[PDB]
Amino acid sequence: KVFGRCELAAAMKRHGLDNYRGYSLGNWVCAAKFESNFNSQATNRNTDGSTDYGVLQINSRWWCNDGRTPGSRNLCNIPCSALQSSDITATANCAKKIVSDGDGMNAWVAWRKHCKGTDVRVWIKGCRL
């Protein structure tokens, strides 16, 4: 499904991402734009045989099981297909796990390049949130 900007913002807000660990809603929305262009079915196959899934391009070697990745650890305890859903629930829960224990949002390199350090309230402007 290709989410609209405000559609995705409201869904993320419903799932507790707004200011989760101090990272405001506009940060999560900006990162999804530049990671997947808001496309839940975007997938990026990597040289090591893992693929990145969903609006935040989460990787199958560590975070989700796709049944096709040599040595998946599945830390979010989900099938990767759950990240392709129009239901954001599994994306929101797994993204919460990713941010709790590394470099925060620096985990998404497109976020560092396009979002970090700039006003991200503009990403939810006009959404009436």
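From 1 onward, residues are counted along the sequence shown.
Taking the mean C-alpha B-factor of each stretch as recorded, 66 to 74 and 92 to 100 are not equal, and the higher mean is that of 66 to 74. Between 22 to 30 and 47 to 55, it is 47 to 55 that carries the larger average Cα temperature factor according to the deposited entry. In this PDB entry, the Cα temperature factor of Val122 sits in the bottom third of its chain's modelled residues, the lowest group. Among the modelled residues of its chain, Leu129 has a C-alpha B-factor that falls in the highest third according to the deposited record. Compared with the other modelled residues of the chain, the Cα B-factor recorded for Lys113 ranks in the highest third.
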